[PDB]
Each structure stands twice: as structure tokens, then as C-alpha cells.
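Text of the file run.txt, holding compact mmCIF, C-alpha atoms:
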```txt
# COMPACT_ATOMS: atom_id res chain seq x y z
CA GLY N 1 1.12 57.48 -53.70
CA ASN N 2 -2.02 55.58 -52.96
CA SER N 3 -1.88 51.86 -52.27
CA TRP N 4 -5.21 51.03 -53.90
CA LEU N 5 -4.20 52.72 -57.17
CA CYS N 6 -1.18 50.46 -57.31
CA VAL N 7 -3.11 47.34 -56.25
CA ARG N 8 -5.88 48.06 -58.75
CA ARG N 9 -3.23 48.48 -61.48
CA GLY N 10 -2.15 45.03 -60.51
CA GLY N 11 0.85 45.86 -58.44
CA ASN N 12 1.70 44.60 -54.98
CA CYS N 13 2.84 46.55 -51.99
CA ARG N 14 5.79 44.74 -50.43
CA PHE N 15 7.71 45.50 -47.23
CA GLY N 16 10.68 47.75 -47.78
CA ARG N 17 11.76 46.67 -51.21
CA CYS N 18 10.75 44.37 -53.97
CA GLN N 19 12.55 41.80 -56.08
CA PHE N 20 15.05 42.87 -58.71
CA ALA N 21 12.99 40.89 -61.23
CA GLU N 22 10.18 43.27 -60.38
CA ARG N 23 10.06 47.10 -60.35
CA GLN N 24 8.95 49.83 -58.03
CA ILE N 25 6.16 51.67 -59.85
CA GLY N 26 5.37 53.85 -56.88
CA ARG N 27 4.97 53.80 -53.14
CA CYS N 28 1.93 52.55 -51.29
CA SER N 29 3.17 53.66 -47.95
CA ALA N 30 6.39 54.83 -46.33
CA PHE N 31 7.74 51.34 -45.80
CA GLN N 32 5.76 49.72 -48.64
CA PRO N 33 6.57 50.39 -52.30
CA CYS N 34 4.15 49.72 -55.16
CA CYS N 35 5.82 46.97 -57.01
CA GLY N 36 4.91 46.14 -60.55
CA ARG N 37 5.56 42.54 -61.21
```
Take the structure from the file and write it as C-alpha cells.
Amino acid sequence: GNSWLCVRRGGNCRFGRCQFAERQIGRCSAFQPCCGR
């Protein structure tokens, strides 16, 4: 997806994966998932 959409939702784009206490809501880039925290 688009990184800004995720960031503007309030999510963060992390490297590779995110924490288990957080969830992947999409993908900002190939190696950066949109993580909803």
C-alpha cells in the first residue's frame, strides 16, 4: 500500500516486521509493513 496512508492513520512503518503486541495493517514498502500499534 501507501506509506503515508498508514502513517496518517497513525500507524508506523517498521523494518521487516513489527511487534507481536502490534499488528500489520498493511505494507508501506517491500521491507516495511504498516504497523498499527
Original post:
Could you name the residues that touch residue 27 in chain N at 8 Å or less, counting only C-alpha atoms, but leaving out those on the same chain fewer than 2 positions away, as a list in words?
Top reply: residues 1, 2, 3, 13, 24, 25, 29, 30, 32, 33, 34 and 35 of chain N
So that all listed atoms of range 13-27 of chain N fit with 5 Å spare on each side, what axis-aligned box centre and edge lengths in Å, to one decimal, would you give as AutoDock Vina command-line options?
```
--center_x 8.9 --center_y 47.4 --center_z -54.2 --size_x 22.2 --size_y 23.0 --size_z 24.0
```
Original post:
Which residues come within 8 Å of residue 37 in chain N, counting all atoms listed in the file, excluding same-chain residues fewer than 2 positions away, as a PyMOL selection string?
Top reply: chain N and resi 11-12+21-23+35
